[PDB]
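S.K.: Need a 3D model of the sequence below.
(one chain, ligands or ions: 2)
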Amino acid sequence: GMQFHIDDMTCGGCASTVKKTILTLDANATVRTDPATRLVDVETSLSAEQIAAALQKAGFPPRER
Ligand SMILES: [Au+]
Ligand SMILES: [Au+]
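M.R.: Numbering: from 1, shown residues only. Ligands and ions are numbered 1, 2, ... in the order given. Provided below are the atomic coordinates:
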């Protein structure tokens, strides 16, 4: 239960891409995105830095909360 704020995730198509990115890295992850708040909640066995690095490479640099 890690949370990120993703300033570039401003609508639905962005969020979809964020979610697909995470699910490709860990098919067992659960991911929630809220375009109103730009917040992304992730449950995963991977580290926050591994999730962040993947999101960065995809053009959605996060900030962990
Ligand atoms: Au978007
Ligand atoms: Au999910």
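S.K.: and residue 55, how many neighbours does it have?
M.R.: The tally of other residues near residue 55 (other C-beta atoms under 10 Å) stands at 23. Where C-beta positions appear, they are placed from N, C-alpha and C, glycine not excepted.
S.K.: For the residue nearest to residue 30 when sequence neighbours are not counted, grab the count of nearby residues.
M.R.: Nearest residue to residue 30, sequence neighbours excluded (C-beta to C-beta, 6 or more residues apart in numbering): residue 43, at 4.7 Å. Residue 43: 12 surrounding residues under other C-beta under 10 Å.
S.K.: got it, and residue 11?
M.R.: Per other C-beta under 10 Å, the neighbour tally for residue 11 reads 9.
S.K.: Could you measure from it over to residue 45?
M.R.: Per C-beta to C-beta, to the nearest Å, residue 11 is found 29 Å from residue 45.
S.K.: Mind checking what helix or strand follows the helix ranked longest in the chain in sequence?
M.R.: Counting by DSSP state H, the longest helix found in the chain is helix 12-25. For helix 12-25, the following helix or strand on the C-terminal side (DSSP states H and E) is strand 30-34.
S.K.: Just want the angle from that next one to helix 12-25.
M.R.: On the basis of axes from the mean of the first three to the mean of the last three C-alpha atoms, to 10 degrees, strand 30-34 is oriented at 170 degrees to helix 12-25.
S.K.: which helices and strands does the longest helix of the chain pack with?
M.R.: With contacts defined as 3 or more C-beta pairs under 8 Å, 6 or more residues apart in numbering; DSSP states H and E, the packing partners of helix 12-25 are strand 30-34, strand 39-43, helix 48-57.
S.K.: repeat that for 6 Å
M.R.: Here helix 12-25 touches strand 30-34, going by 3 or more C-beta pairs under 6 Å, 6 or more residues apart in numbering; DSSP states H and E.
S.K.: right, is the strand it packs on up against ligand 2?
M.R.: Yes - for a cut-off given as C-beta under 5 Å from the ion, strand 30-34 has contacts with ligand 2, namely 30-31.
S.K.: helices or strands next to that strand in the packing?
M.R.: Against strand 30-34 (3+ C-beta pairs under 6 Å, 6+ apart) you get helix 12-25, strand 39-43.
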